[PDB]
Amino acid sequence: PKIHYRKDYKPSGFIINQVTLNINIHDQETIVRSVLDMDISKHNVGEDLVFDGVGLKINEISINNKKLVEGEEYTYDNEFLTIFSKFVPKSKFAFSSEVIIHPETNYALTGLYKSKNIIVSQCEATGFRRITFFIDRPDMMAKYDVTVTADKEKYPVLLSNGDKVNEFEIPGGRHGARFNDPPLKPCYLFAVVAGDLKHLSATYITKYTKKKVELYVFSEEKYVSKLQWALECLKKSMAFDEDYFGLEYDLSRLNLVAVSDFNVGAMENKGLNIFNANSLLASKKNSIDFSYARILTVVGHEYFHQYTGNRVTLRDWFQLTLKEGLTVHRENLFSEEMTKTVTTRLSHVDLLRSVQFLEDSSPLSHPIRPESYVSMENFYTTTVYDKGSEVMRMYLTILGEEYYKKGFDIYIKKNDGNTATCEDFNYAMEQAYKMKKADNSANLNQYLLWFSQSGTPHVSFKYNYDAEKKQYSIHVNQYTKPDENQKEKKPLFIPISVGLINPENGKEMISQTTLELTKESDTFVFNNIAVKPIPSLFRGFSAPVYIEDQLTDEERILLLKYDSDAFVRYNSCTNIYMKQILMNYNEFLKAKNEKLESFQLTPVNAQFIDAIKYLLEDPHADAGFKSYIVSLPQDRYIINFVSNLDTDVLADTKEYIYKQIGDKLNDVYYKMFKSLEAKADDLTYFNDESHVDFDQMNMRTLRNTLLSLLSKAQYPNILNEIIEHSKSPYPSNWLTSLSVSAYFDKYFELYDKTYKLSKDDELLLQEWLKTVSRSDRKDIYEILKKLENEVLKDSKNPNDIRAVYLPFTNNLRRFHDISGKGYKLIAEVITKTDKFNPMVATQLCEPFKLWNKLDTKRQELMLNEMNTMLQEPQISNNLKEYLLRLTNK
Ligand SMILES: Cn1cc(-c2ccc([C@H](NC(=O)OC(C)(C)C)C(=O)NO)cc2)cn1
Ligand SMILES: [Mg+2]
Ligand SMILES: [Mg+2]
Ligand SMILES: [Mg+2]
Ligand SMILES: [Zn+2]
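Numbers 20 to 908, taken from our numbering, label the letters of the sequence shown in order.
Following this line, the structure appears as structure tokens:
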């Protein structure tokens with residue numbers, strides 16, 4: 020297993036100037052002819068000419084039209100094509116080849132493959148070598164001239180990068196199209212699509228140069244009515260890059276294409292973005308509400324890549340976060356501006372501190388710029404993407420909007436033609452930092468540690484107030500736990516956005532202030548502080564850290580009620596919950612360990628319950644925020660704070676706390692569930708696909724959250740509400756009616772009803788599958804086997820497999836059944852899946868990521884299944900590398 024190291028970067032001894040492709044698609048084979056116009060680079064030392072080429076069937080290879088012969092002048096081992104140095108020309112030469120590939124049996128969805136009746140490619144990161152021979156790495160920039168031919172009736176629509184410059188008929192009912200794309204690009208941005216595609220279409224006129232851009236969004240004919248929101252999102256994305264960043268689109272046309280089989284959300288191929296159908300297609304009649312933010316995010320994300328990834332490119336894959344962290348950051352800014360809801364930022368923080376913090380304290384922990392890799396497919400992590408985005412976001416926090424924009428423009432204008440590194444970005448930001456602080460002596464060299472140092476920093480606080488001198492102090496400490504990447508962790512540059520709240524009237528006591536913590540500890544003093552404040556810390560979640568606020572629950576309640584920052588309010592609530600959870604967990608644990616016949620539990624703080632009631636009953640308060648405060652912290656957030664977590668005890672803890680709050684607030688919950696109905700389920704714009712109301716969707720989120728709480732509590736006659744809910748036109752509602760009915764005898768009735776409503780829309784059915792999968796059912800194992808037999812069967816669609824199994828793995832009580840049968844079941848699915856799609860198999864390993872955090876029995880049960888998986892003779896490199904790292908081998 021070959022390991023690549025970041026320090027080892029060296030430019031190729033070769034240059035590829037021009038790629039000329041002929042891709043001839045037939046029913047049981049695809050013929051790929053390729054001419055590579057090549058040169059010798061200044062780094063050449065007479066080495067062999069080695070191409071990447073995986074799974075290719077060689078018909079012929081040539082140099083300067085001279086056929087090469089195997090054994091004599093080259094060798095091929097299904098991974099690398101080696102041409103011996105003695106036969107490699109010393110100046111400009113032409114390499115050509117003709118290979119056969121088979122998209123129709125390519126179930127790994129990398130390279131060229133068939134998704135239903137669409138031929139489609141995926142080349143990032145190392146998929147282009149599955150189509151034809153290449154020096155498959157992102158610093159090999161080339162021009163592309165691409166011809167695609169296929170049966171006209173099956174594949175009337177032909178797409179590749181660049182301009183279509185010819186369309187022609189071919190004897191035998193075939194046709195071809197030629198695409199020339201003169202600007203240089205890396206091969207991972209190559210793409211091709213062939214199929215019977217239907218489209219929606221628009222023309223966008225850019226803001227400053229008034230260029231006309233044709234916008235096309237494509238799908239299979241059956242779902243062409245689900246394309247409208249996507250097109251609106253694209254328009255919105257283009258406008259935002261123009262308005263915030265002053266950046267216009269540079270090409271004549273942009274195509275978005277949906278396919279049913281895709282490993283991830285989407286891909287930014289130049290002028291030809293290709294999407295998982297679940298991240299491009301929606302209609303109000305057969306999509307749940309989440310689809311609308313999801314499409315907005317993914318369309319936005321792939322668009323913003325056009326600058327941050329496509330015009331400014333990567334030197335090498337270790338720079339991945341430079342395009343991914345930065346593009347997520349740009350999409351985050353976009354989505355916050357489009358949704359105008361505070362829950363947008365809250366949801367990203369919620370995801371970071373659950374999923375990414377878990378990864379960062381796991382054996383898989385890595386910095387956002389790793390030092391090494393084996394399988395590129397394992398590089399695309401929540402650390403690289405989401406912590407990466409928080410690192411990119413901190414620059415904006417430190418600089419402010421004006422200087423951030425100056426810095427970002429410096430970066431783009433300087434690197435627009437070229438490859439870049441994380442250092443280049445920091446450099447540009449630093450120029451802004453110098454200008455802001457007004458001395459060319461200022462620097463951000465310490466900031467680079469955010470790229471190289473792994474692990475989550477912990478930031479803790481102590482406070483002092485002198486009533487007489489009106490002087491307030493915030494003493495701050497930072498610490499990162501040592502791990503395998505650094506034995507000695509260094510202090511980071513941590514920006515701490517803060518406010519000081521007067522507890523007497525709830526007013527701000529100081530202007531907007533960002534503390535720059537650059538040492539292991541510092542003391543920040545404020546004068547003329549009239550009364551003892553309550554500190555509002557890390558507003559907006561201004562750094563990706565564990566916040567230890569050392570506030571009392573009384574102070575936290577006051578913040579939750581009166582602070583101006585959504586995140587600090589939400590975090591104060593989170594912290595109140597965590598204190599309660601840790602306390603009750605230990606009480607339950609001791610009773611279990613000591614086998615107590617009787618014992619006490621600490622009740623939920625009554626003033627906290629009162630504050631929840633106050634906020635819920637405030638007609639001016641935000642509905643999305645409300646749904647957060649009545650929900651306990653995610654299980655994967657909690658587990659960061661507990662050693663040897665017994666999942667049963669945590670489940671009992673959660674139950675107790677939920678029942679405590681419900682015994683006080685259920686009438687309030689019910690009252691609101693009823694009063695929110697009119698606005699939440701307003702059908703006025705149900706048949707307008709361009710009308711999306713994020714506040715209204717948050718109102719539904721709150722209703723469905725309250726209905727869940729009321730159903731679990733068996734609130735009097737709530738089943739009537741559930742039945743009526745099942746008749747709602749909104750899938751978010753009638754699928755919720757299914758899951759909350761889990762606690763009633765009408766479950767399988769609503770199961771059948773909702774299945775009937777879902778079965779004829781591919782994506783909707785997948786949402787139905789998720790809903791069944793996450794149903795709080797005691798017979799959930801039996802239910803899953805029914806899904807397997809009647810619906811999922813032997814589907815190789817990653818959407819189908821992920822829908823059936825992943826939501827179930829978040830069933831705390833059942834997935835973690837002490838028999839280990841949950842672990843056994845998923846490991847079976849991973850091994851099964853690994854046979855045809857290693858990337859998705861590794862995705863299905865997600866629940867195992869916390870294995871060494873659980874109680875000793877469950878650790879052992881998970882380790883046994885991982886070792887069993889590792890012993891499979893046919894295990895992919897992808898899965899083996901992942902499980903080896905995860906199990907500390
Ligand atoms: C075979 N292979 C595919 C990949 C890969 C992984 C992630 C994406 C990411 N896809 C994705 O939908 O990301 C969102 C949800 C928008 C943040 C990506 O960066 N798209 O631009 C794109 C491609 C690596 N190897
Ligand atoms: Mg405009
Ligand atoms: Mg070591
Ligand atoms: Mg299907
Ligand atoms: Zn991306």
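Beta carbons: idealized from backbone N, C-alpha and C, even for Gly.
Thinking residue i and residue j are a contact (beta carbons under 8 Å), I'd like their distance in whole angstroms, please.
i    : j    : result
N329 : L178 : Going by Cβ atoms, the distance from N329 to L178 rounds to 17 Å, so no, they are not a contact pair.
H385 : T401 : Wrong, their Cβ atoms sit about 11 Å apart, outside the cutoff.
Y163 : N185 : Not confirmed; about 15 Å, so no contact.
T416 : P514 : 5 Å
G839 : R833 : Rounded, the Cβ-Cβ distance is 12 Å, inconsistent with contact.
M159 : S31  : 6 Å
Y770 : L757 : 7 Å
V848 : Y824 : 6 Å
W787 : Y766 : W787 to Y766, Cβ: 14 Å. No contact.
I387 : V410 : 6 Å
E123 : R52  : No, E123 and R52 are not in contact; Cβ-Cβ is about 19 Å, not under 8 Å.
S298 : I314 : 6 Å
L275 : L300 : Between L300 and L275 the Cβ distance is about 10 Å, and since that is not below 8 Å, they are no contact.
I35  : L75  : Not confirmed; about 17 Å, so no contact.
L40  : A113 : Incorrect: roughly 14 Å between the Cβ atoms, too far for contact.
What residue from the options has the CA that sits closest to residue i's CA?
i    : options                : result
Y326 : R149, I431, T49, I845  : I431
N605 : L620, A846, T332       : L620
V649 : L811, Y581, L725       : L725
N871 : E378, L418, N717, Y482 : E378
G407 : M395, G436, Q375       : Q375
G290 : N84, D269, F187, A301  : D269
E567 : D262, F103, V587, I42  : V587
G681 : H639, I631, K433, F705 : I631
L216 : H194, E172, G195       : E172
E442 : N462, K425, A457       : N462
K538 : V107, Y498, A312, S555 : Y498
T340 : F294, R412, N199       : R412
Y484 : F543, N437, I189       : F543
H23  : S391, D262, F713       : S391
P476 : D27, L511, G192, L695  : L511
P748 : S727, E781, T703       : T703
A447 : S460, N437, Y414, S380 : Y414
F264 : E420, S140, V361       : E420
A822 : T850, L863, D836       : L863
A277 : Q141, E503, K812       : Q141
Output yes or no for whether 9 Å exceeds the beta carbon distance between residue i and residue j.
i         : j    : result
residue 1 : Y423 : What is shown of the chain runs 20 to 908, which leaves residue 1 out entirely.
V236      : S220 : yes
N886      : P857 : no
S561      : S492 : no
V212      : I138 : yes
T332      : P202 : no
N717      : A642 : yes
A296      : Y242 : yes
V495      : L519 : no
Which same chain residues, not among the five before or five after residue i, have their C-beta less than 7 Å away from its C-beta?
i    : result
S730 : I737, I741, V759, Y762
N43  : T49, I50, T168
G525 : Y581
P866 : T828, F834, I845
CB-CB under 8 Å to residue i, same chain, minus the five flanking residues each way: which ones, in chain order?
i    : result
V623 : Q599, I676, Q679, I680
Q715 : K698, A699, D701
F323 : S256, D260, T346, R349, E350, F353
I224 : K230, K231, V232
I595 : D572, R575, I576, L579, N624, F627
Which residues in the same chain as residue i place their Cβ atom closer than 6 Å to its Cβ, once the five residues preceding and following it in sequence are excluded?
i    : result
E574 : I553
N752 : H744
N125 : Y132
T532 : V517
- Message: Using a strict less-than 6 Å threshold between each residue's beta carbon and the heavy atoms of ligand 4, what residues do you get?
- Response: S279, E781, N816
- Kindly provide the chain-ordered list of residues whose Cβ lies closer than 7 Å to any non-hydrogen atom of ligand 2. Checking every Cβ against the heavy atoms of ligand 2 under 7 Å gives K226, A258, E261, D262.
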